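Quick setup: one chain, the form deposited in one PDB entry, written in structure tokens, and binding and motion questions come after.
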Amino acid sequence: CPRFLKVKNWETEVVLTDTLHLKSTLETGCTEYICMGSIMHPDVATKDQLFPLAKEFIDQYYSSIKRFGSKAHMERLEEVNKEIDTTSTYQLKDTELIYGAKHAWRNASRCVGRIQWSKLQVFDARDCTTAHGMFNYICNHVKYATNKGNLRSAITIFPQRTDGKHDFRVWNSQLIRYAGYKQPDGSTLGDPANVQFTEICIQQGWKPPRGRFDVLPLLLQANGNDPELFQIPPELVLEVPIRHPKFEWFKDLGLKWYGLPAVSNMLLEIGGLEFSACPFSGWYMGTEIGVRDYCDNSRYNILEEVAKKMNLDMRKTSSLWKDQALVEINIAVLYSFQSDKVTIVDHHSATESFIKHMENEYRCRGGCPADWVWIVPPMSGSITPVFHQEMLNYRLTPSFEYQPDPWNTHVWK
């Protein structure tokens, strides 16, 4: 690879220079002949594989604290090396854990919210042993991050992987999600994205309310044991009823959403260590709710019912009735969250912040990995400043990664 890569902004003509890509680690999926940039997703590590991965991370940490090559740096290297030799693994210090988690976010090429990356509250849950203890940690996480509507980003980090047979997992994809119920007639009640997980919960003993907005229980696996169900205390689940500043009939749709987006199915890799349970949360960009959660056809799919109440012509697509209704839905979502003093960011503000963040990273870090396909919002893309911004995508470590769904791999006891 060449040592400098240039990215241009075609709206502003600003040209930036990336050198950070020289530190990229794993693969993108692309090759010289094919680009897989729109592909969504393109038995543990041995002693020999772990040594270089740990040294690389330790070097990076000590370089970040301006202590590279110091006595403490060399001692930490040797202590890690000894520990890998005699135990086939090692343990991160709390400082390294915190640094690692913040940098996995800083490195998340698909995240538009990264201007916030250094303000992450990291909860160390590596002393957890049981699913009840996981539940306690997750409740405290949710209560802290929710903060009565003044949301704070947070991550809770459960014990790392050992042999792969003792994994901690949150079986939920997000901590807070609504159930979906497949009906005998083919229709779906609630959130259609969640039918499979909902059926699993019912098999594990969940008694479903069978409603439109039923918060799913947590399904929590500790130390490789079978997962266990826990109901989140409903007073910890902050929710926002959706109304519209102009359309009085919009409240009659009976819509609401929860305030806290919290991803719980990803894997945090730090120094070759694998944290298979690391729920993290921030706050919503409006379009995540208003465009996707409500208007995706395979989701709540309310565009038609909003358009009908707006009395648009729905017989020609060229009336753009869908686009009109989509904007009004996203107006209502932002207005409902702001009126209830629950933190939310519109896509204009978020993308402008991300451009400012990206420019600072280029100037201070030598680059900023970004996945344009994900960074550009799902509505009004070209009137946001990221649409015109060329981006380089590459994988830095520490990182968040996808992992298989645990019901596909779990060996039931």
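Think of the rigid core as the biggest set of C-alphas that the two forms share within 1.5 Å after superposition. Only residues modelled in both forms are compared. Quick note: we count residues from 1 along the sequence shown, nothing fancier.
Just so it is clear, the following notes concern the form deposited in another entry, a form of the same protein that is not shown.
K.L.:
Tell which of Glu328, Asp293, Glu228, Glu274, after superposing on the rigid core, has its C-alpha displaced by 2 Å or more between the shown form and the other one, please.
P.N.:
Looking at each option in turn, only one qualifies, and it is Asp293.
K.L.:
Since the CA distance of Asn297 and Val327 differs by 3 Å or more in the other entry, is it closer or farther than in the form displayed?
P.N.:
Farther apart, by at least 3 Å.
K.L.:
Shorter or longer C-alpha distance for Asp296 and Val386 in the other entry, given it differs from this form by 3 Å or more?
P.N.:
Relative to the displayed form, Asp296 and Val386 move farther apart in the other entry - a change of at least 3 Å between their C-alphas.
K.L.:
Spell out which consecutive segments of 3+ residues have Cα shifts of at least 2 angstroms at every position between the shown form and the other one, with the rigid core used for superposition.
P.N.:
Only one moving run appears between the shown form and the other one, namely 290 to 301.
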